[PDB]
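In what follows, a structure is listed as structure tokens, so that the remarks can point back to it.
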Amino acid sequence: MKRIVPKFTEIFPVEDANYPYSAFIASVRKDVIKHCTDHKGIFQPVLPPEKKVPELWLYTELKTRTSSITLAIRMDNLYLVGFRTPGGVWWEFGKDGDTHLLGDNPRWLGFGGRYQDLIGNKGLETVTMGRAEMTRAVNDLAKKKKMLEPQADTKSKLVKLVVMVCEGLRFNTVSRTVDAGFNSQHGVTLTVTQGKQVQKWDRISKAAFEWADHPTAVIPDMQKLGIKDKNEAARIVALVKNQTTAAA
Numbered sequence: 001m002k003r004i005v006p007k008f009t010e011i012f013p014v015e016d017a018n019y020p021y022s023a024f025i026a027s028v029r030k031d032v033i034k035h036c037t038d039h040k041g042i043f044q045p046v047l048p049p050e051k052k053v054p055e056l057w058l059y060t061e062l063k064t065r066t067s068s069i070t071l072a073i074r075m076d077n078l079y080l081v082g083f084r085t086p087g088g089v090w091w092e093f094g095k096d097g098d099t100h101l102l103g104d105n106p107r108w109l110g111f112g113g114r115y116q117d118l119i120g121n122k123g124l125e126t127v128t129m130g131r132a133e134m135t136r137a138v139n140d141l142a143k144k145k146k147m148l149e150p151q152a153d154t155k156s157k158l159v160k161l162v163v164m165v166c167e168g169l170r171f172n173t174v175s176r177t178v179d180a181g182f183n184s185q186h187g188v189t190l191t192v193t194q195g196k197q198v199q200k201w202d203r204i205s206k207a208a209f210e211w212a213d214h215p216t217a218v219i220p221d222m223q224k225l226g227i228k229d230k231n232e233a234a235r236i237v238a239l240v241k242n243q244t245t246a247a248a
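For the sequence shown, the residue numbers in PDB author numbering are 1 to 248.
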């Protein structure tokens, strides 16, 4: 009826690091590229426009030693729209405004998904990423119920998961950062350049299109990150939003 069920779910044992993060992303990447379309002058696969009720969407489950979390990636945005607690409820990014995408009406996370939520003045880039912090984050999200006291703490844990996992599907840069770092005992710590550029994927999706018709343009938006070339963009990113064919 109103619920748009995902076809299947991709379940991933996080604790057993047998497969690299490169292979993890590659597996999901191949299937989403099938859904994307080409565009002239854009090497990167281009997403479809935003359907509210598509044919399907990407449902993924990160399962650790002790805990399980499902994350809902709408294929049309490749954004983490919502989540499943193992208590059998769902959550969605927003407040006082749910969507029937998560099946039955989810709860609301109350905030967005960026550094401005957690800290504002400081960056997110100080957060260590690694096997321990992923497992901790999954535990710390799995222990949630309809009410819990450390709202901001569980929120910072899901911010590192989205930047590692979801942005990783759109960004070879954070993918390879996490690939080298996840298997480490110390983990890795990102930088301001990576932190801001990944979450503002809209800036990538305009830059890639502006580089479409003009193969040697210079884009001041993207040059700030050291990315003066579409080649440099293509080896940093993986996928780009549906950009309507305006002018480039």
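Note that the Cβ used here is the ideal one computed from N, Cα and C, for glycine as well.
Identify, in the order they occur along the chain, each residue of the same chain with its Cβ nearer than 8 angstroms to the Cβ of residue i, setting aside the five sequence neighbours on each side.
i	result
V28	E10, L58, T60 and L169
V174	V163, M164, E167, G168, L190, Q194 and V198
Determine the direct distance from the alpha carbon of residue j to that of residue i, and round the result to whole angstroms.
i	j	result
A212	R65	45 angstroms
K157	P215	40 angstroms
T85	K144	7 angstroms
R235	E149	42 angstroms
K122	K155	16 angstroms
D96	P106	11 angstroms
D104	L124	32 angstroms
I227	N242	21 angstroms
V89	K196	31 angstroms
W201	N172	13 angstroms
Under the assumption that residue i contacts residue j (Cβ atoms under 8 angstroms), give the Cβ distance between them as a whole number of angstroms.
i	j	result
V32	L239	7 angstroms
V237	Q44	6 angstroms
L62	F12	6 angstroms
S67	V138	5 angstroms
When the Cα of residue i is compared with those of the options, which residue comes out closest?
i	options	result
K206	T244, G112 and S184	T244
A142	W91, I119 and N105	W91
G112	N139, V127 and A152	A152
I73	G88, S67 and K52	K52
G110	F209, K146 and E15	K146
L56	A17, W108 and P48	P48
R203	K224, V188 and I25	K224
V14	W201, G130, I227 and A247	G130
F8	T70, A208 and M1	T70
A233	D16, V127, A217 and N242	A217
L101	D221, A248, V5 and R136	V5
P20	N231, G181, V192 and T135	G181
Who are the Cβ neighbours of residue i in its own chain at under 6 angstroms, not counting the five residues just before and after it?
i	result
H35	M75
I219	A207 and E210
Taking CB distances under 7 angstroms as the criterion, tell me whether residue i reaches chain C.
i	result
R170	Given the protein chain composition of this structure (a single chain), no chain C is represented.
Within the same chain, show all residues whose beta-carbon is closer than 7 angstroms to that of residue i, passing over the 5 residues directly before and after it, in chain order.
i	result
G87	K145
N77	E50
Runs of alpha helix (DSSP H) lying entirely within the segment 156-243, each at least 4 residues, in chain order: 166-170, 172-182, 192-199, 201-213, 220-223 and 230-236
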